[PDB]
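We begin with a single chain expressed as structure tokens, specifically the form deposited in one PDB entry.
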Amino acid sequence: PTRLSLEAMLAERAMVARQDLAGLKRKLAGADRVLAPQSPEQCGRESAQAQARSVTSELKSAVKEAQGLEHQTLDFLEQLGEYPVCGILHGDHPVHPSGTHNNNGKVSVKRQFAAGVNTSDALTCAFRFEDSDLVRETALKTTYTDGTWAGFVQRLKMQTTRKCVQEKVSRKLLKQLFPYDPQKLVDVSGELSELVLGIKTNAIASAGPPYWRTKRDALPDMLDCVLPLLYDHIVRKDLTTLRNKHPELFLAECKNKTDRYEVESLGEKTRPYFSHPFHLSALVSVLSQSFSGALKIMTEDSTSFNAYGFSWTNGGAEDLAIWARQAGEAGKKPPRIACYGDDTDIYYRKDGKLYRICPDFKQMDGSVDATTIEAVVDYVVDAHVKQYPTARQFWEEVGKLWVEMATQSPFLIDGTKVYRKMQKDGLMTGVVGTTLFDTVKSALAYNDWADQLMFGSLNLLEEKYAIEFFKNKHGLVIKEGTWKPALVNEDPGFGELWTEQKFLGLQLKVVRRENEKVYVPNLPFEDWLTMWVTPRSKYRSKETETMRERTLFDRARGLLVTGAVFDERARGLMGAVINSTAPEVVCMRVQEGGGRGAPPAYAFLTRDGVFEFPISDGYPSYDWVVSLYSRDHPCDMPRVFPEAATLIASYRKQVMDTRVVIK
């Protein structure tokens, strides 16, 4: 009665069974389970939940108090009046949706500073399986929050009013500092629709004005309607008329960044960023994503100061060490300098011994000068038009929009008043290319620093003079106490640190794989703990209990992979979270990671940023994680339930031989 094969029927059956949680629960009941090493229970279920709730309650009160503080005026910004709501229609609807972001015909926004913090689930697990005092102390220092009005304005003022230093910079110099492979550059002489369709972005991010919807929601309006209109005014050299008639098409929104913040500085520090119109960001992203994909990193070309694109897995961690060891004596041979946005790793030798410095810039975007920004854009544009000269003029026009977006877009903050940064200097954080602008500004300053070493100014190795130098000569503010050269353990033993310092937020450690040294990332337990108990997620009451339980599992898998497996205490905690995850939650069909489970939040595991788990019901063993970082002696990801496939299929193959003798 041919309709489908039994093989196919069995598969269909199994795919449907992973969606029946009641059935999974039954079928996995006595299943053999592989248990992670885990910390012992420290208190009972109710106590863990009460301790977490007490902490959350205190943080909520701290946020509410800080949110109640008056903020300073916005008088440090230029004020431009009000913008009319865009009236452009795309078929049956306006591109600016009716009855939203509209105050009597004028574009409007409202800043959200909510009282709610992150959820208690992760913190409950922490109290359940770790030291009460340490958990409590750790959890009280940081919280995931909207921040505050006062802190928002304070930080906005700092990065829009700082006195900058114009860099001395040319194509020739940027070529030396940021070599790239021209063959990897996108053919921007291709047709524009196709180029823009190739850029990647966050589907649920704001599309900005005039759309006031997510990017995936606003994507047809942008592509089908606004983009060709923008294109027509570009090529007719008539952007002025478009700007004047439809100012919302060039308007940005200045927003408070919801983030992990130190509780004690909530009233002084909330980070601003800018959200630009989708058509502008997507157009410019054609150049910016093409360039970043073509950039060499330091470990590939030792003349390069670029670490933007560096990642830890597949030898990456060890690549850093090998590259760094080539650092020479200060004043004689080149140091090793790695820039990624506002993060830097500096190596030099004094009397033969390797030293490492990992300084912080204070609010770096405030120090990014207009000359650097224009030179970066010129560098990126010229790289493409050198390789693809027939599209030179179009992309040079795009370059001008890019500079504008990075330095001078008008923006809303709260209500209808439109603002503009008083000076071209200062980078408008969140503009496309933010990372590259930061990276370049950092490298230019540090390249000059290295030049001064060779000039014989060795006192620039010392915090006092280094800080003065970066301030007076580059307008950069290095945080006092963060210029602290440390002796490098150049060939660490098993379990030993490279140094105690962080780069890209992680320490470098050596661990054992058989008799091989494997270089891996690492953190102190307290830092894993802070991340764990402050998930970047607000309390969603639409979230089922199953979803919450599955989130804990995925986040634990994520932290382990990021290197929490290499700290006993974090390993034991993530292990307890995983072991306490129900069989049906482990094995259910999940949506994130394309059915493979939510990828780790940490962004620099792989260069393309996309880490994917092999299976949604695997757990990160030490052996498996180690193999992710080695250049390789790989292995599969171990399943939590080795027999899950057949318990779920209700079928275990028995060999039945048709060739038997019966007689």
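Heads up: residue numbers just count along the shown sequence, starting at 1. Throughout, rigid core stands for the largest set of C-alpha atoms superposing within 1.5 Å between the two forms.
Modelling of residue 601 is missing from a third or more of the other compared entries in which both of its neighbours are modelled.
In at least one third of the other compared structures of this protein with flanking residues present, residue 612 is left unmodelled. In this entry, 97-105 shows the higher mean Cα temperature factor of the pair 198-206 and 97-105. Of the two segments examined, 541-549 and 295-303, it is 541-549 that shows the higher average Cα temperature factor in the deposited entry.
Per the PDB record, 31 has a higher Cα B-factor than any other of 601, 31, 628, 605.
When the C-alpha B-factors of 90, 255, 260, 215 are read from the PDB record, the largest value belongs to 90. Among all modelled residues in its chain, residue 425 ranks in the lowest third by Cα B-factor.
For residue 57, the recorded CA B-factor ranks within the highest third of the chain. Only modelled residues enter the ranking. Split the chain's modelled residues into thirds by C-alpha temperature factor. Residue 405 is in the lowest one.
Looking at the C-alpha B-factors along this chain, the one for residue 517 belongs to the highest third. Looking at the C-alpha B-factors along this chain, the one for residue 272 belongs to the lowest third.
Keep in mind the form deposited in another entry is missing from the figure; the text below concerns it.
Once both forms are overlaid on the rigid core, the distance between the two CA positions of residue 636 between this form and the one not shown is 2 angstroms or more.
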